[PDB]
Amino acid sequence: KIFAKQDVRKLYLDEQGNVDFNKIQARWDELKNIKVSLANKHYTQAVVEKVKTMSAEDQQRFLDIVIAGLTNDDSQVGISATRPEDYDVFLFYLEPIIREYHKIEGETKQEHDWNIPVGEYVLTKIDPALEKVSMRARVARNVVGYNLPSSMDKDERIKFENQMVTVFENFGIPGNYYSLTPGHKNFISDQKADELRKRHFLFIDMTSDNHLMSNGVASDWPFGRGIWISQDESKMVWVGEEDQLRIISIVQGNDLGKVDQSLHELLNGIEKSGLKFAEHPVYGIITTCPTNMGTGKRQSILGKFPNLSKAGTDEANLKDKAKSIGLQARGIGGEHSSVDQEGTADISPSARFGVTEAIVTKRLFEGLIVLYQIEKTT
């Protein structure tokens, strides 16, 4: 029950080791009676005739870009870029997928704005009880000079971890690096890794996900994976996950602007090392899955909605109310999948593609004003 890229890609090769476009089409045709991913929907005879005219190496790469979609029946998109440049090399095929998923219209491109006010998005203005709320923001990043994690061999993952350990050592924010890499100086014990995972710091074993096995993101596990955690545990960097970097700030407080400030300091510390993040001039931040591209930013709070969730028994009602407001709600759950009567949920903004980081923060705050009104009404 393991669908590793290196094995499943061979199902779409001929006897000479070249890409067999007949086997690719046969598989998409099987999947039409099951579920049509965007990869399948935008895969046309014109796309095929184009790819057939490209170098053998680009044809093999093209197979690696759709392999997740070919392997996983449940794929919505089914696309994994292998390198920063893939969004340009294969733009003829990738652009319609990006534009459909992100519902992009006209001349829209990604803009950026980290000039986010402090002392304005203050949750106590909504309710005095919102003094100490878990406020969370992260950005996904990939680094110019590396393959994306879908296509990094063991040596490249070790090289990438080694460069990032040097950045954390030297970027001037106190904290500690914990490696999953056997033989690394910062190697974590099997007791420590679960322990950090149970404190909700450390990502899970990626080899348990067929999507990440099939697109190469889970390859060479656990070589080149680890976590940097700041002294105060407000800042952390995941190394070697689905994107090379998951850059995270978690602040207990009431000002959304503070979690953005904390995130920007961490981002700026990594940027000052002189490395560059992979960014497309139209579609913004480059990620392995095109669903994450633009800002690569997620932002949320953990709120308590006992009224809308009926003491944690009607998550669907909380989700439907959050949706009515342009927010997304995910119930956290009690210990051992018990009912959480506090109706604790992760609340995040939905935003149109291309909006700045500063606008995402504003939309979360404005949405929370209304969600807490209907929570307080019910």
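Position 1 is the first residue in the sequence shown; the rest follow in order.
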Task: 364 to 372 set against 11 to 19, stretch whose average Cα temperature factor tops the other in the entry - done: 11 to 19
- [ ] Could you settle it for me: does 147 to 155 or 115 to 123 have the higher average Cα B factor in the PDB entry?
- [x] 115 to 123
Task: Top Cα B factor in the deposited entry, candidates 35, 27, 321, 330 - done: 35
TODO: Quick one: which of 242, 233, 85, 95 shows the highest Cα temperature factor in the PDB entry?
DONE: 242
Open item on the list: Considering every modelled residue of the chain and its Cα B-factor in the PDB entry, is residue 351 in the lowest, middle or highest third?
Closed with: highest
Task: Position of residue 110 among the chain's modelled residues by C-alpha B-factor, lowest, middle or highest third - done: middle
TODO: Among all modelled residues of this chain, ranked by Cα B factor, put residue 187 in the bottom, middle or top third, i.e. lowest, middle or highest.
DONE: highest
- [ ] Divide the modelled residues of the chain into thirds by Cα B-factor and specify which third, lowest, middle or highest, holds residue 99.
- [x] lowest
- [ ] Going by the recorded CA B-factors, say which third of the chain residue 166 sits in, lowest, middle or highest.
- [x] middle
